[PDB]
Ligand SMILES: *[C@@H]1O[C@H](CO)[C@@H](O[C@@H]2O[C@H](CO)[C@@H](O)[C@H](O)[C@H]2NC(C)=O)[C@H](O)[C@H]1NC(C)=O
């Protein structure tokens, strides 16, 4: 879903995504990291 | 009939070399046979170029086909202009009028300048490296002055590939200072994809951005990763895969053994490679015409040393160069023809826009016709001029005092005329005021 | 290339000379390879070539500063290719960050048969945008012309 969004350009500022699982940092995030859209998610494993 | 020629290839130009070999077999005849001695060299290094040339000279070649960097080209145009050695290249045109250099690459500057007035740009950002000279950048700076353009030229080639990230943000902050949306890319094909990739990541490839790729190979690189972005991408093609000549070429090309002809297993070929294939045909017709005109050209001995003092050119160099420059043939890059300096003339350049279903020609450019759009107009432009009927009554609809000199909607004035505007404005349509 | 080798064959220990934008690479690559040291008053290399002792100091930094001192924002930059468009790019690279409107008119390609005409055709062409601030960037002779 990410890659598809990336290619049609729905990851710029104004857009906003909330990833609904306990593994936000379990998957790739670099490919949306600088686009402009807002990404949110949940982490159940605190590395700190 | 053993004719010796010089071959100068840069390390890792594999497809260009394979194309050179298919050209060998295809245009080889039984009248004569071109015997190519190949020199694999770091074309950027001038020392190695000077050496490799002197080697080809001392062996006794009749002409050299090769490439050059802009850093190296001067060594080439010197040793060729001096020793009358003929040089054939798909590399970029020389800054001026150099003799004994047969530049297969068509001049691109004239094409690009046409396209800019076509899209009617007035303010853009020109990005570049120096690797093909700055003779193009001079062209966009002398034009901008004469046609009122504001150009933000940024040199993006000196960027180190070791810290190649902070250099891009600060680049697109300076390119966000004037909200620059129109950008030209005049770069090495490698540098092209690196920039595109970065542009995708920061999301400057949606609707509202319009990029122009300044090279002879539009469909050469990768286009699919900004094909759905929304941004419109234009560029130039010198290899038309619709020509039956090129189409028949592709069939054998795409099917060759790849262990033997590397990078030749594709449905597309780089223009750098394609020109090399065209260059072989020219080298054949050149030496064919030299015997059909019964002119003798064989070496009267060793060329010995290229640094021989004083330098004395062999005679037939004048004759050979002329033969080359008088060639007219048809190959992969459309029609081929030269002037007295070895520059392309009368050549076609396809204009391609990136769409949804892939790259697409919207027209072609000639050095004589300038910008010509192929009659492929679409029916999409609705522009349904909504016919608005009205009556000649005061003060609803009235003729203006000098309606004669005026035309269209401007002829009439009045309440309903003013209303016709407010209606069409809020409803969004172009309309024609006509009396019943 | 012939002169450099002629000097080298004799076994000189160093070489003093001048070069051009259409010959600099030759001097460098043959001095980088043969480790011959070159001492030049000519314009410095657009890089980090070794064995080349450039006597003239880098100007680039100074000119940029002086323009900033005069508080300019829109000017014309007549340039000569003869010394390598390094400085032309230096002000062009800065044109964004410093916010400049630079008109870059090449001038190192005119002939002395129509010298008096083209030079007037340039200035009666900047009577268009009506700029008054110019930079010359030329070998002294192209200045006086
Ligand atoms: C200039 O280029 C044109 C178009 O590439 C060349 O035109 C072709 O000429 C041949 C031989 O007369 C015809 O068979 C073709 O039909 C033409 N191709 C076209 C028009 O697409 C022409 O040869 C070149 N002119 C000169 C003076 O060299």
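In chain B, numbers come from Swiss-Prot; the residues present are 25-398, 405-466, in order.
Backbone N, Cα and C define each Cβ position, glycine as well.
According to Swiss-Prot, the feature disulfide bond maps to B:78-B:330. Long-range Cβ contacts of residue B:330 (disulfide bond) within its own chain (separation 6+, distance under 8 Å): B:77, B:78, B:81, B:82, B:103, B:107.
Positions annotated as N-linked glycosylation site by Swiss-Prot, on the basis of experimental evidence: B:370. Long-range neighbours of residue B:370 (N-linked glycosylation site) (same chain, six or more residues apart, CB within less than 8 Å of its CB): B:359, B:361, B:390, B:391, B:392.
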C-beta crowding around residue B:78 (disulfide bond), within 10 angstroms: 17
